[PDB]
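Structure below is coords-v6.cif: mmCIF, C-alpha atoms.
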data_target
#
loop_
_atom_site.label_atom_id
_atom_site.label_comp_id
_atom_site.auth_asym_id
_atom_site.auth_seq_id
_atom_site.Cartn_x
_atom_site.Cartn_y
_atom_site.Cartn_z
CA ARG A 245 0.00 0.00 0.00
CA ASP A 246 2.98 2.36 -0.21
CA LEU A 247 1.59 4.92 -2.67
CA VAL A 248 4.27 7.63 -2.80
CA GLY A 249 4.91 8.94 -6.30
CA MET A 250 1.71 8.07 -8.15
CA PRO A 251 0.39 10.64 -10.65
CA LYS A 252 -2.52 12.89 -9.73
CA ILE A 253 -4.74 15.04 -11.95
CA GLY A 254 -6.79 18.01 -10.80
CA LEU A 255 -9.58 19.41 -12.97
CA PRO A 256 -12.36 21.94 -12.41
CA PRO A 257 -15.52 20.28 -11.09
CA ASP A 258 -17.49 21.03 -14.27
CA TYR A 259 -15.22 18.72 -16.31
CA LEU A 260 -16.46 15.64 -14.43
CA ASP A 261 -20.18 16.22 -15.05
CA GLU A 262 -22.24 13.75 -17.06
CA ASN A 263 -23.92 16.42 -19.21
CA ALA A 264 -20.67 18.25 -19.96
CA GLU A 265 -19.91 19.30 -23.52
CA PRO A 266 -18.25 16.79 -25.86
CA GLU A 267 -14.90 18.60 -25.63
CA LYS A 268 -14.73 18.14 -21.86
CA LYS A 269 -15.74 14.49 -22.18
CA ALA A 270 -12.96 13.91 -24.71
CA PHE A 271 -10.50 15.68 -22.41
CA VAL A 272 -11.49 13.44 -19.50
CA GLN A 273 -11.20 10.30 -21.64
CA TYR A 274 -7.71 11.32 -22.76
CA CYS A 275 -6.74 11.99 -19.14
CA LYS A 276 -7.94 8.49 -18.23
CA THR A 277 -5.89 6.98 -21.05
CA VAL A 278 -2.80 8.90 -19.91
CA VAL A 279 -3.25 7.78 -16.31
CA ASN A 280 -3.59 4.16 -17.43
CA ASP A 281 -0.75 4.07 -19.96
CA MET A 282 1.94 6.49 -18.73
CA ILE A 283 5.31 4.81 -18.13
CA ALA A 284 8.94 5.87 -17.91
CA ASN A 285 10.13 5.94 -21.52
CA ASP A 286 12.48 7.71 -23.90
CA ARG A 287 9.46 9.65 -25.23
CA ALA A 288 7.97 10.64 -21.86
CA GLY A 289 6.59 14.17 -21.86
CA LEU A 290 3.54 16.28 -21.17
CA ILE A 291 1.78 19.22 -22.81
CA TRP A 292 -0.72 20.54 -20.29
CA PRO A 293 -2.95 23.64 -20.14
CA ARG A 294 -1.84 26.30 -17.68
CA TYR A 295 -3.99 29.16 -16.38
CA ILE A 296 -3.50 31.08 -13.13
CA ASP A 297 -6.65 32.71 -11.80
CA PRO A 298 -6.14 36.50 -11.50
CA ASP A 299 -7.79 36.75 -8.06
CA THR A 300 -6.47 33.54 -6.43
CA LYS A 301 -2.98 33.20 -7.98
CA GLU A 302 -3.31 29.40 -8.03
CA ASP A 303 -3.29 27.22 -11.13
CA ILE A 304 -6.73 25.79 -11.88
CA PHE A 305 -5.19 22.72 -13.55
CA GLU A 306 -2.40 20.67 -12.02
CA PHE A 307 -0.24 17.60 -12.59
CA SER A 308 1.89 16.31 -9.73
CA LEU A 309 2.97 13.18 -7.86
CA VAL A 310 1.60 12.62 -4.37
CA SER A 311 4.16 13.31 -1.64
CA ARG A 312 4.57 12.09 1.93
CA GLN A 313 6.13 13.83 4.93
CA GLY A 314 7.05 11.37 7.68
CA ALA A 315 8.86 8.05 7.78
CA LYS A 316 7.94 4.72 9.35
CA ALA A 317 8.68 4.77 13.07
CA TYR A 318 9.92 1.15 13.27
CA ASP A 319 12.42 -0.97 11.35
CA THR A 320 10.64 -4.25 10.65
CA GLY A 321 13.70 -6.02 9.23
CA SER A 322 15.63 -5.94 12.50
CA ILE A 323 12.61 -7.14 14.49
CA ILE A 324 11.94 -10.02 12.10
CA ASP A 325 15.60 -11.05 12.15
CA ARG A 326 15.66 -10.93 15.95
CA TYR A 327 12.57 -13.12 16.22
CA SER A 328 13.93 -15.59 13.66
CA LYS A 329 17.13 -15.90 15.68
CA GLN A 330 15.05 -16.37 18.84
CA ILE A 331 13.11 -19.19 17.17
CA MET A 332 16.32 -20.87 16.02
CA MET A 333 17.69 -20.64 19.57
CA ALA A 334 14.77 -22.58 21.07
CA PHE A 335 15.75 -25.78 19.25
CA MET A 336 19.51 -25.15 19.64
CA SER A 337 19.72 -25.42 15.84
CA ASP A 338 21.76 -22.31 15.02
CA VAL A 339 23.88 -24.47 12.68
CA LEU A 340 21.28 -23.80 9.98
CA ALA A 341 22.29 -20.13 9.71
CA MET A 342 25.91 -20.19 10.92
CA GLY A 343 26.99 -23.23 8.89
CA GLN A 344 29.00 -26.16 10.23
CA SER A 345 31.82 -24.70 12.30
CA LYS A 346 35.00 -26.72 12.78
CA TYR A 347 34.65 -26.58 16.58
CA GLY A 348 31.43 -28.63 16.57
CA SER A 349 30.80 -32.20 15.46
CA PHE A 350 27.77 -34.38 14.78
CA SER A 351 29.45 -37.56 16.06
CA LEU A 352 28.45 -38.82 19.51
CA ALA A 353 31.75 -40.71 19.88
CA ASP A 354 33.82 -37.54 19.31
CA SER A 355 34.68 -35.07 22.08
CA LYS A 356 33.24 -32.08 20.23
CA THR A 357 29.56 -33.04 20.05
CA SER A 358 27.04 -30.24 19.62
CA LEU A 359 23.87 -29.74 21.63
CA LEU A 360 21.67 -30.85 18.73
CA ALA A 361 23.41 -34.23 18.59
CA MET A 362 23.36 -34.51 22.39
CA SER A 363 19.58 -34.06 22.41
CA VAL A 364 19.06 -36.44 19.49
CA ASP A 365 20.90 -38.95 21.66
CA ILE A 366 18.26 -38.47 24.37
CA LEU B 11 25.09 -16.95 80.27
CA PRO B 12 24.05 -20.60 80.50
CA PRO B 13 26.83 -23.20 80.68
CA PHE B 14 27.88 -25.29 77.72
CA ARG B 15 25.53 -28.23 77.16
CA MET B 16 25.30 -31.05 74.64
CA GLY B 17 22.21 -30.93 72.46
CA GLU B 18 20.40 -28.24 70.53
CA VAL B 19 19.52 -24.94 72.19
CA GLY B 20 17.89 -22.87 69.42
CA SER B 21 15.97 -23.33 66.18
CA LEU B 22 16.33 -22.84 62.44
CA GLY B 23 14.32 -19.64 62.64
CA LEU B 24 12.18 -20.37 59.59
CA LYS B 25 9.18 -18.13 58.91
CA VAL B 26 6.60 -20.91 58.58
CA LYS B 27 3.07 -19.66 59.28
CA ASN B 28 0.17 -22.12 59.52
CA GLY B 29 2.08 -24.72 57.54
CA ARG B 30 3.01 -22.41 54.64
CA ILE B 31 6.53 -21.10 54.14
CA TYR B 32 6.73 -17.30 54.03
CA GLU B 33 10.42 -16.89 53.22
CA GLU B 34 9.74 -15.04 49.96
CA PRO B 35 8.18 -11.60 50.58
CA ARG B 36 6.82 -10.97 47.08
CA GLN B 37 3.31 -12.38 46.81
CA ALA B 38 3.85 -13.36 43.17
CA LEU B 39 6.56 -15.89 44.13
CA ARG B 40 4.94 -17.70 47.08
CA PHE B 41 3.17 -21.06 46.97
CA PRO B 42 -0.29 -20.31 45.51
CA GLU B 43 0.95 -17.85 42.87
CA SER B 44 4.29 -19.49 42.04
CA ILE B 45 2.68 -22.36 40.13
CA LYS B 46 1.45 -19.83 37.55
CA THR B 47 4.34 -17.36 37.60
CA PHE B 48 6.92 -20.05 36.84
CA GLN B 49 4.79 -21.37 33.99
CA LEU B 50 4.59 -17.82 32.63
CA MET B 51 8.39 -17.49 32.72
CA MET B 52 8.95 -20.77 30.86
CA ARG B 53 7.18 -19.32 27.81
CA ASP B 54 10.10 -16.98 27.11
CA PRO B 55 12.51 -18.61 24.63
CA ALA B 56 15.60 -17.55 26.59
CA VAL B 57 14.47 -18.97 29.94
CA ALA B 58 13.11 -22.10 28.26
CA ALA B 59 16.38 -22.76 26.43
CA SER B 60 18.46 -22.10 29.54
CA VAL B 61 16.40 -24.57 31.58
CA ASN B 62 16.26 -27.17 28.80
CA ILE B 63 20.02 -27.27 28.26
CA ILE B 64 20.55 -27.97 31.97
CA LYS B 65 17.86 -30.64 31.93
CA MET B 66 19.41 -32.27 28.86
CA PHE B 67 22.88 -32.36 30.40
CA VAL B 68 21.70 -34.29 33.46
CA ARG B 69 19.75 -36.87 31.44
CA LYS B 70 22.83 -37.64 29.31
CA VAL B 71 24.61 -39.46 32.16
CA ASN B 72 24.52 -43.14 33.10
CA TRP B 73 24.16 -44.58 36.59
CA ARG B 74 25.66 -47.66 38.22
CA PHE B 75 26.13 -49.36 41.59
CA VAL B 76 29.66 -50.04 42.85
CA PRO B 77 31.13 -51.59 46.01
CA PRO B 78 32.10 -49.15 48.76
CA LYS B 79 35.73 -48.08 48.82
CA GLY B 80 38.12 -50.32 50.72
CA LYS B 81 36.22 -53.51 49.86
CA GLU B 82 36.17 -53.40 46.07
CA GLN B 83 37.02 -57.06 45.40
CA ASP B 84 34.96 -58.59 48.22
CA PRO B 85 32.55 -61.11 46.60
CA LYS B 86 29.82 -60.23 49.11
CA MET B 87 29.95 -56.57 48.08
CA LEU B 88 29.91 -57.61 44.42
CA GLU B 89 26.75 -59.63 45.02
CA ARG B 90 25.19 -56.68 46.84
CA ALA B 91 26.07 -54.42 43.90
CA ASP B 92 24.55 -56.92 41.47
CA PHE B 93 21.34 -57.08 43.52
CA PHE B 94 21.04 -53.29 43.67
CA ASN B 95 21.81 -52.99 39.95
CA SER B 96 19.06 -55.50 39.15
CA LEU B 97 16.71 -53.47 41.36
CA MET B 98 17.02 -50.51 38.97
CA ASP B 99 15.61 -52.32 35.93
CA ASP B 100 12.84 -54.22 37.76
CA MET B 101 10.60 -51.21 38.38
CA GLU B 102 7.22 -50.63 36.76
CA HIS B 103 8.82 -47.76 34.82
CA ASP B 104 12.29 -47.23 33.41
CA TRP B 105 14.99 -45.63 35.53
CA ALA B 106 15.54 -42.98 32.86
CA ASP B 107 11.91 -41.91 33.26
CA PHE B 108 12.44 -41.61 37.01
CA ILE B 109 15.46 -39.38 36.48
CA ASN B 110 13.42 -37.35 33.99
CA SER B 111 10.66 -36.74 36.54
CA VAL B 112 13.26 -35.68 39.12
CA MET B 113 14.44 -32.76 36.97
CA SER B 114 11.11 -30.97 37.52
CA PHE B 115 12.87 -29.23 40.42
CA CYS B 116 14.80 -27.09 37.92
CA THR B 117 11.58 -25.03 37.75
CA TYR B 118 9.83 -25.24 41.13
CA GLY B 119 13.09 -25.72 43.05
CA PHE B 120 12.12 -29.02 44.68
CA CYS B 121 10.56 -32.40 43.94
CA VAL B 122 8.88 -35.16 45.94
#
Rewritten as structure tokens:
Amino acid sequence: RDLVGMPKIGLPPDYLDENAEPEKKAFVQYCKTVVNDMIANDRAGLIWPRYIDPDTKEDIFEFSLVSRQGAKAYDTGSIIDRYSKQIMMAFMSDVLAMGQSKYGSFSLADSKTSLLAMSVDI
Amino acid sequence: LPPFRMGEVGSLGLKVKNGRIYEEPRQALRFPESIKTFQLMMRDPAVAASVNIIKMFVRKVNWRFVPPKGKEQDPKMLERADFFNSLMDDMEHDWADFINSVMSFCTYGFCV
């Protein structure tokens, strides 16, 4: 659901009416096609109308990508790794992640047996 | 002061009250509540692993009956050792199971 960076189109309310003139309907259909089919490409570009209202000084049309301010408060990777290591510790089976070290052995007749082998003996 | 005398003069000084030991002041760690608190602690992976390694180490060992020192080669002591060794395997349950049940005191601190 991370939605940062998606395109957004702003149009005057009268463009979205059902009885609007054919020109506005064609404009809305073209906007829909653009939204559906725009991708990063060697021909990417836009020609967009631009009009700033004299009494508000804000563009009536707009084209921009949604932005976000804050950042996630928790790092999930570290927590997941910690809990995985905790799970692996319960069975004393850390060999799965740390490999077979030379200081441990799987033989019960050898004086380097690991805890996993000792419990399998039980 | 009273003169020296053979035999006990004092007492252990335990805090038993109406048959219940009151050594531990925290209510959460006395008899009625300790059955649940200890079971809550065993759910943590760290405590569980620490207890289980100790339990595993004890169960790895073998047991045997031997003559008392100073009379190792006496045939009578050898026959006594044989009798007591045979006693171990004649129970309704295996000796290893008995040793397993004994290790419950790693959690509650005692066993009967």
Note to self: Under the PyMOL selection byres ((chain A) within 9 of (chain B)), which residues of this model are included? Write them out as a ChimeraX atom specification.
What the structure shows: /A:330-331,333-336,359,362-363,365-366
Next item on the list: Let me know the residues the PyMOL selection byres ((chain A and resi 352) around 8) catches in the file above, as a VMD selection string.
Entry: chain A and resid 350 to 351 353 to 355 357 361 to 362 365
Checklist line | Shell of 8 Å around residue B:33, only C-alpha atoms, local chain residues under 4 positions omitted, as a PyMOL selection string | finding: chain B and resi 24-26
Margin query: Evaluated on this file, the PyMOL selection byres ((chain A and resi 279) around 12) picks out some residues - which ones are they, written as a VMD selection string?
Written below: chain A and resid 250 to 253 272 to 278 280 to 283 290 307 to 309
